[PDB]
>>> print(open('data_6.pdb').read())   # PDB, C-alpha atoms and all ligand atoms
ATOM      1  CA  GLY A  13      69.703 103.896  75.846  1.00  0.00           C
ATOM      2  CA  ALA A  14      72.299 105.819  77.785  1.00  0.00           C
ATOM      3  CA  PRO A  15      73.039 108.125  74.773  1.00  0.00           C
ATOM      4  CA  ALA A  16      69.417 109.364  74.654  1.00  0.00           C
ATOM      5  CA  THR A  17      69.407 109.803  78.467  1.00  0.00           C
ATOM      6  CA  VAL A  18      72.435 112.151  78.070  1.00  0.00           C
ATOM      7  CA  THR A  19      70.685 114.152  75.291  1.00  0.00           C
ATOM      8  CA  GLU A  20      67.583 114.484  77.525  1.00  0.00           C
ATOM      9  CA  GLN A  21      69.154 115.239  80.882  1.00  0.00           C
ATOM     10  CA  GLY A  22      72.852 115.933  80.354  1.00  0.00           C
ATOM     11  CA  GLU A  23      74.590 119.149  81.426  1.00  0.00           C
ATOM     12  CA  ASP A  24      76.212 121.263  78.692  1.00  0.00           C
ATOM     13  CA  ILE A  25      79.804 121.634  79.916  1.00  0.00           C
ATOM     14  CA  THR A  26      81.087 123.637  76.878  1.00  0.00           C
ATOM     15  CA  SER A  27      82.218 127.260  77.204  1.00  0.00           C
ATOM     16  CA  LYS A  28      80.393 128.223  74.055  1.00  0.00           C
ATOM     17  CA  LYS A  29      77.235 126.540  75.339  1.00  0.00           C
ATOM     18  CA  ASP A  30      76.801 124.655  72.030  1.00  0.00           C
ATOM     19  CA  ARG A  31      75.715 121.343  73.649  1.00  0.00           C
ATOM     20  CA  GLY A  32      78.830 119.805  72.027  1.00  0.00           C
ATOM     21  CA  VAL A  33      79.736 117.895  75.209  1.00  0.00           C
ATOM     22  CA  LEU A  34      77.005 116.673  77.564  1.00  0.00           C
ATOM     23  CA  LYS A  35      77.515 115.062  80.927  1.00  0.00           C
ATOM     24  CA  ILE A  36      75.668 113.115  83.543  1.00  0.00           C
ATOM     25  CA  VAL A  37      77.406 112.072  86.719  1.00  0.00           C
ATOM     26  CA  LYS A  38      76.555 108.416  87.323  1.00  0.00           C
ATOM     27  CA  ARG A  39      78.683 107.806  90.424  1.00  0.00           C
ATOM     28  CA  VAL A  40      80.114 110.571  92.571  1.00  0.00           C
ATOM     29  CA  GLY A  41      83.857 110.801  93.253  1.00  0.00           C
ATOM     30  CA  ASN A  42      85.733 112.237  96.245  1.00  0.00           C
ATOM     31  CA  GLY A  43      87.485 115.467  97.137  1.00  0.00           C
ATOM     32  CA  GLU A  44      86.866 118.898  95.732  1.00  0.00           C
ATOM     33  CA  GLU A  45      90.087 118.377  93.685  1.00  0.00           C
ATOM     34  CA  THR A  46      89.746 117.867  89.938  1.00  0.00           C
ATOM     35  CA  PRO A  47      92.621 117.632  87.428  1.00  0.00           C
ATOM     36  CA  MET A  48      94.429 120.647  86.071  1.00  0.00           C
ATOM     37  CA  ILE A  49      95.849 120.831  82.569  1.00  0.00           C
ATOM     38  CA  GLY A  50      99.068 118.785  82.370  1.00  0.00           C
ATOM     39  CA  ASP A  51      97.963 116.370  85.115  1.00  0.00           C
ATOM     40  CA  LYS A  52      98.658 112.661  84.442  1.00  0.00           C
ATOM     41  CA  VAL A  53      95.221 110.992  84.320  1.00  0.00           C
ATOM     42  CA  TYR A  54      94.077 107.362  84.834  1.00  0.00           C
ATOM     43  CA  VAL A  55      90.707 106.079  83.668  1.00  0.00           C
ATOM     44  CA  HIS A  56      88.674 103.121  82.718  1.00  0.00           C
ATOM     45  CA  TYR A  57      86.175 103.881  79.972  1.00  0.00           C
ATOM     46  CA  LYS A  58      83.882 102.343  77.478  1.00  0.00           C
ATOM     47  CA  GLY A  59      83.065 104.035  74.203  1.00  0.00           C
ATOM     48  CA  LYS A  60      80.919 103.676  71.128  1.00  0.00           C
ATOM     49  CA  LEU A  61      79.557 105.567  68.173  1.00  0.00           C
ATOM     50  CA  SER A  62      76.071 106.753  69.084  1.00  0.00           C
ATOM     51  CA  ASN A  63      74.987 104.627  66.046  1.00  0.00           C
ATOM     52  CA  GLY A  64      76.257 101.729  68.278  1.00  0.00           C
ATOM     53  CA  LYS A  65      78.221 100.332  65.308  1.00  0.00           C
ATOM     54  CA  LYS A  66      81.838 100.318  66.635  1.00  0.00           C
ATOM     55  CA  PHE A  67      82.738  99.874  70.342  1.00  0.00           C
ATOM     56  CA  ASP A  68      85.821 100.265  72.552  1.00  0.00           C
ATOM     57  CA  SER A  69      86.991  99.615  76.114  1.00  0.00           C
ATOM     58  CA  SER A  70      90.064 100.060  78.281  1.00  0.00           C
ATOM     59  CA  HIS A  71      89.077  96.674  79.753  1.00  0.00           C
ATOM     60  CA  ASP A  72      89.825  95.080  76.341  1.00  0.00           C
ATOM     61  CA  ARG A  73      93.521  95.932  76.869  1.00  0.00           C
ATOM     62  CA  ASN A  74      93.663  94.628  80.536  1.00  0.00           C
ATOM     63  CA  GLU A  75      94.805  97.856  82.166  1.00  0.00           C
ATOM     64  CA  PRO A  76      93.888 101.561  82.722  1.00  0.00           C
ATOM     65  CA  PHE A  77      94.066 104.183  80.019  1.00  0.00           C
ATOM     66  CA  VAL A  78      96.597 106.867  80.735  1.00  0.00           C
ATOM     67  CA  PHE A  79      96.995 110.329  79.185  1.00  0.00           C
ATOM     68  CA  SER A  80      98.137 113.910  79.917  1.00  0.00           C
ATOM     69  CA  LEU A  81      95.157 116.203  80.364  1.00  0.00           C
ATOM     70  CA  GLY A  82      94.781 119.126  77.983  1.00  0.00           C
ATOM     71  CA  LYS A  83      97.723 118.137  75.808  1.00  0.00           C
ATOM     72  CA  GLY A  84      95.398 116.913  73.082  1.00  0.00           C
ATOM     73  CA  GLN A  85      96.514 113.307  73.395  1.00  0.00           C
ATOM     74  CA  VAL A  86      92.740 112.859  73.331  1.00  0.00           C
ATOM     75  CA  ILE A  87      89.748 114.470  71.591  1.00  0.00           C
ATOM     76  CA  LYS A  88      88.924 117.941  72.876  1.00  0.00           C
ATOM     77  CA  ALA A  89      85.798 116.611  74.601  1.00  0.00           C
ATOM     78  CA  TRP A  90      87.821 114.408  76.818  1.00  0.00           C
ATOM     79  CA  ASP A  91      90.149 117.232  77.761  1.00  0.00           C
ATOM     80  CA  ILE A  92      87.039 119.180  78.601  1.00  0.00           C
ATOM     81  CA  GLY A  93      85.022 116.454  80.298  1.00  0.00           C
ATOM     82  CA  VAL A  94      87.644 114.658  82.257  1.00  0.00           C
ATOM     83  CA  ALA A  95      88.780 117.964  83.684  1.00  0.00           C
ATOM     84  CA  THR A  96      85.287 118.291  85.374  1.00  0.00           C
ATOM     85  CA  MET A  97      85.487 114.895  87.191  1.00  0.00           C
ATOM     86  CA  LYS A  98      86.617 113.747  90.702  1.00  0.00           C
ATOM     87  CA  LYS A  99      88.770 110.780  91.679  1.00  0.00           C
ATOM     88  CA  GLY A 100      86.285 107.952  91.834  1.00  0.00           C
ATOM     89  CA  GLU A 101      83.642 109.545  89.650  1.00  0.00           C
ATOM     90  CA  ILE A 102      81.988 107.796  86.794  1.00  0.00           C
ATOM     91  CA  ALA A 103      80.281 109.917  84.236  1.00  0.00           C
ATOM     92  CA  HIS A 104      78.590 109.664  80.826  1.00  0.00           C
ATOM     93  CA  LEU A 105      79.520 111.921  77.908  1.00  0.00           C
ATOM     94  CA  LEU A 106      77.737 112.582  74.635  1.00  0.00           C
ATOM     95  CA  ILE A 107      79.919 114.439  72.162  1.00  0.00           C
ATOM     96  CA  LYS A 108      79.242 116.296  68.894  1.00  0.00           C
ATOM     97  CA  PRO A 109      81.657 115.830  65.931  1.00  0.00           C
ATOM     98  CA  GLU A 110      83.237 119.210  66.629  1.00  0.00           C
ATOM     99  CA  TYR A 111      84.614 118.075  70.013  1.00  0.00           C
ATOM    100  CA  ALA A 112      85.569 114.699  68.602  1.00  0.00           C
ATOM    101  CA  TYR A 113      86.791 113.895  65.028  1.00  0.00           C
ATOM    102  CA  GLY A 114      84.957 116.562  63.019  1.00  0.00           C
ATOM    103  CA  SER A 115      83.868 116.342  59.424  1.00  0.00           C
ATOM    104  CA  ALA A 116      87.133 114.494  58.413  1.00  0.00           C
ATOM    105  CA  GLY A 117      86.302 111.734  60.867  1.00  0.00           C
ATOM    106  CA  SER A 118      89.008 109.155  61.472  1.00  0.00           C
ATOM    107  CA  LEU A 119      88.447 106.210  59.168  1.00  0.00           C
ATOM    108  CA  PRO A 120      87.997 103.444  59.361  1.00  0.00           C
ATOM    109  CA  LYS A 121      87.141 103.511  63.028  1.00  0.00           C
ATOM    110  CA  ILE A 122      85.387 106.880  63.009  1.00  0.00           C
ATOM    111  CA  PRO A 123      83.196 108.246  60.213  1.00  0.00           C
ATOM    112  CA  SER A 124      82.733 111.790  59.194  1.00  0.00           C
ATOM    113  CA  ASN A 125      80.510 113.785  61.506  1.00  0.00           C
ATOM    114  CA  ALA A 126      80.108 111.068  64.134  1.00  0.00           C
ATOM    115  CA  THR A 127      78.557 111.511  67.533  1.00  0.00           C
ATOM    116  CA  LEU A 128      80.343 109.527  70.292  1.00  0.00           C
ATOM    117  CA  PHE A 129      79.162 108.136  73.631  1.00  0.00           C
ATOM    118  CA  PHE A 130      81.574 107.282  76.448  1.00  0.00           C
ATOM    119  CA  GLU A 131      81.329 105.967  79.960  1.00  0.00           C
ATOM    120  CA  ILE A 132      84.332 107.160  81.976  1.00  0.00           C
ATOM    121  CA  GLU A 133      85.708 106.251  85.415  1.00  0.00           C
ATOM    122  CA  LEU A 134      88.387 108.498  86.865  1.00  0.00           C
ATOM    123  CA  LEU A 135      90.751 106.324  88.886  1.00  0.00           C
ATOM    124  CA  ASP A 136      93.450 108.858  89.744  1.00  0.00           C
ATOM    125  CA  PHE A 137      95.504 111.896  88.658  1.00  0.00           C
ATOM    126  CA  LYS A 138      99.101 112.921  89.515  1.00  0.00           C
ATOM    127  CA  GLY A 139     100.882 116.237  88.869  1.00  0.00           C
ATOM    128  CA  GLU A 140     103.463 116.384  86.043  1.00  0.00           C
TER     129      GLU A 140
HETATM  130  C1  LIG A 201      90.334 107.049  66.220  1.00  0.00           C
HETATM  131  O1  LIG A 201      91.203 106.116  66.828  1.00  0.00           O
HETATM  132  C2  LIG A 201      90.740 105.478  67.937  1.00  0.00           C
HETATM  133  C3  LIG A 201      89.698 105.919  68.727  1.00  0.00           C
HETATM  134  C4  LIG A 201      89.320 105.185  69.838  1.00  0.00           C
HETATM  135  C5  LIG A 201      89.983 104.001  70.125  1.00  0.00           C
HETATM  136  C6  LIG A 201      91.038 103.567  69.348  1.00  0.00           C
HETATM  137  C7  LIG A 201      91.418 104.304  68.245  1.00  0.00           C
HETATM  138  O2  LIG A 201      92.460 103.865  67.457  1.00  0.00           O
HETATM  139  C8  LIG A 201      93.729 104.419  67.792  1.00  0.00           C
HETATM  140  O3  LIG A 201      91.771 102.415  69.495  1.00  0.00           O
HETATM  141  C9  LIG A 201      91.545 101.570  70.639  1.00  0.00           C
HETATM  142  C10 LIG A 201      92.205 102.263  71.799  1.00  0.00           C
HETATM  143  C11 LIG A 201      93.606 102.740  71.473  1.00  0.00           C
HETATM  144  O4  LIG A 201      93.933 103.726  72.448  1.00  0.00           O
HETATM  145  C12 LIG A 201      94.876 104.782  72.151  1.00  0.00           C
HETATM  146  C13 LIG A 201      94.344 105.734  71.145  1.00  0.00           C
HETATM  147  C14 LIG A 201      93.524 106.763  71.366  1.00  0.00           C
HETATM  148  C15 LIG A 201      93.087 107.623  70.208  1.00  0.00           C
HETATM  149  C16 LIG A 201      92.426 108.879  70.568  1.00  0.00           C
HETATM  150  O5  LIG A 201      91.106 108.482  71.006  1.00  0.00           O
HETATM  151  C17 LIG A 201      90.482 109.373  71.736  1.00  0.00           C
HETATM  152  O6  LIG A 201      90.936 110.435  71.991  1.00  0.00           O
HETATM  153  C18 LIG A 201      89.183 108.854  72.283  1.00  0.00           C
HETATM  154  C19 LIG A 201      89.200 109.165  73.784  1.00  0.00           C
HETATM  155  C20 LIG A 201      90.132 108.268  74.587  1.00  0.00           C
HETATM  156  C21 LIG A 201      89.722 106.849  74.335  1.00  0.00           C
HETATM  157  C22 LIG A 201      89.820 106.494  72.817  1.00  0.00           C
HETATM  158  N1  LIG A 201      89.005 107.410  72.001  1.00  0.00           N
HETATM  159  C23 LIG A 201      88.158 107.024  71.033  1.00  0.00           C
HETATM  160  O7  LIG A 201      87.500 107.838  70.394  1.00  0.00           O
HETATM  161  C24 LIG A 201      88.104 105.592  70.658  1.00  0.00           C
HETATM  162  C25 LIG A 201      86.804 105.335  69.852  1.00  0.00           C
HETATM  163  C26 LIG A 201      85.548 105.480  70.721  1.00  0.00           C
HETATM  164  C27 LIG A 201      84.235 105.140  69.986  1.00  0.00           C
HETATM  165  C28 LIG A 201      84.255 103.764  69.379  1.00  0.00           C
HETATM  166  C29 LIG A 201      85.488 103.662  68.467  1.00  0.00           C
HETATM  167  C30 LIG A 201      86.821 103.958  69.184  1.00  0.00           C
END
>>> encode(input="data_6.pdb", output="structure tokens")
Amino acid sequence: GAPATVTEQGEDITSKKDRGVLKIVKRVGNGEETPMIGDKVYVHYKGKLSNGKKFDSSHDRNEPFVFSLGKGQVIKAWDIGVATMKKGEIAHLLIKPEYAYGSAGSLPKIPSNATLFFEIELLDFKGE
């Protein structure tokens, strides 16, 4: 599956180089411009546990998912990963618990120490 592919061939985009967030670009975006901290960000995504046991999509709710980058309205991995993307890019992320929900998890949706997979499309970003 996609999660294994990202383990095999994904780029480690962490500062600490701890393989806690791994990325493959699956479709290239446009521009050199990528979002700065505080940017308003628009994505479609689909997510699961790497176990495959719970699943989640923006599509499910009709409309795009919208958040302020680097304001921890998301897990740290998204702040990190999204910030590396271009308008129009789709990428795959594999995330260790430390850049997601940690040893406390987030029951019942997320268990302790969970690895997460996401597919993310970056639709747009506007400045605060
Ligand atoms: C742990 O809680 C949830 C996690 C996730 C989805 C959830 C959660 O219930 C609140 O509900 C469906 C979407 C509600 O949307 C606004 C909330 C974002 C919560 C913060 O979530 C995150 O930061 C990340 C990244 C942005 C998309 C949502 N994501 C999740 O981890 C998903 C999760 C993905 C893996 C399968 C289970 C759901």
>>> closest_residue(input="data_6.pdb", among="A:48, A:103, A:94, A:16", to="ligand LIG 201 (chain A)", atoms="all atoms listed in the file")
A:94
>>> closest_residue(input="data_6.pdb", among="A:66, A:108, A:39, A:29", to="ligand LIG 201 (chain A)", atoms="all atoms listed in the file")
A:66
>>> residues_near_ligand(input="data_6.pdb", ligand="ligand LIG 201 (chain A)", cutoff="10 Å", atoms="all atoms listed in the file", output="ChimeraX atom specification")
/A:55-70,72-73,77-79,84-91,112-113,117-123,126-130,132
>>> atom_distance(input="data_6.pdb", atom1="atom CA of residue 44 of chain A", atom2="atom CA of residue 93 of chain A")
15.7 Å
>>> axis_aligned_box(input="data_6.pdb", around="segment 105-108 of chain A", padding_each_side="4 Å", output="AutoDock Vina command-line options")
--center_x 78.8 --center_y 114.1 --center_z 73.4 --size_x 10.2 --size_y 12.4 --size_z 17.0
>>> closest_residue(input="data_6.pdb", among="A:101, A:30, A:140, A:133", to="residue 81 of chain A", atoms="only C-alpha atoms")
A:140
>>> closest_residue(input="data_6.pdb", among="A:124, A:74, A:27, A:115", to="residue 92 of chain A", atoms="all atoms listed in the file")
A:27
>>> closest_residue(input="data_6.pdb", among="A:125, A:96, A:80, A:26", to="residue 40 of chain A", atoms="all atoms listed in the file")
A:96
>>> closest_residue(input="data_6.pdb", among="A:104, A:50, A:98, A:83", to="residue 19 of chain A", atoms="all atoms listed in the file")
A:104
>>> atom_distance(input="data_6.pdb", atom1="atom CA of residue 134 of chain A", atom2="atom CA of residue 114 of chain A")
25.4 Å
>>> atom_distance(input="data_6.pdb", atom1="atom CA of residue 139 of chain A", atom2="atom CA of residue 111 of chain A")
25.0 Å
>>> resolve_selection(input="data_6.pdb", expression="the PyMOL selection byres (((chain A and resi 46) around 6) and not hetatm)", output="list in words")
residues 45, 47, 97 and 98 of chain A
>>> resolve_selection(input="data_6.pdb", expression="the PyMOL selection byres (((chain A and resi 18) around 12) and not hetatm)", output="mmCIF file with C-alpha atoms, in the coordinates of the input")
data_model
loop_
_atom_site.group_PDB
_atom_site.id
_atom_site.type_symbol
_atom_site.label_atom_id
_atom_site.label_comp_id
_atom_site.auth_asym_id
_atom_site.auth_seq_id
_atom_site.Cartn_x
_atom_site.Cartn_y
_atom_site.Cartn_z
ATOM 1 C CA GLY A 13 69.703 103.896 75.846
ATOM 2 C CA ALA A 14 72.299 105.819 77.785
ATOM 3 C CA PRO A 15 73.039 108.125 74.773
ATOM 4 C CA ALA A 16 69.417 109.364 74.654
ATOM 5 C CA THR A 17 69.407 109.803 78.467
ATOM 6 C CA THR A 19 70.685 114.152 75.291
ATOM 7 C CA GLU A 20 67.583 114.484 77.525
ATOM 8 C CA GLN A 21 69.154 115.239 80.882
ATOM 9 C CA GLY A 22 72.852 115.933 80.354
ATOM 10 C CA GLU A 23 74.590 119.149 81.426
ATOM 11 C CA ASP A 24 76.212 121.263 78.692
ATOM 12 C CA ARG A 31 75.715 121.343 73.649
ATOM 13 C CA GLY A 32 78.830 119.805 72.027
ATOM 14 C CA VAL A 33 79.736 117.895 75.209
ATOM 15 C CA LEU A 34 77.005 116.673 77.564
ATOM 16 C CA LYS A 35 77.515 115.062 80.927
ATOM 17 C CA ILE A 36 75.668 113.115 83.543
ATOM 18 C CA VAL A 37 77.406 112.072 86.719
ATOM 19 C CA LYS A 38 76.555 108.416 87.323
ATOM 20 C CA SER A 62 76.071 106.753 69.084
ATOM 21 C CA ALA A 103 80.281 109.917 84.236
ATOM 22 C CA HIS A 104 78.590 109.664 80.826
ATOM 23 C CA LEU A 105 79.520 111.921 77.908
ATOM 24 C CA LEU A 106 77.737 112.582 74.635
ATOM 25 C CA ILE A 107 79.919 114.439 72.162
ATOM 26 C CA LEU A 128 80.343 109.527 70.292
ATOM 27 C CA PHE A 129 79.162 108.136 73.631
ATOM 28 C CA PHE A 130 81.574 107.282 76.448
ATOM 29 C CA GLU A 131 81.329 105.967 79.960
#
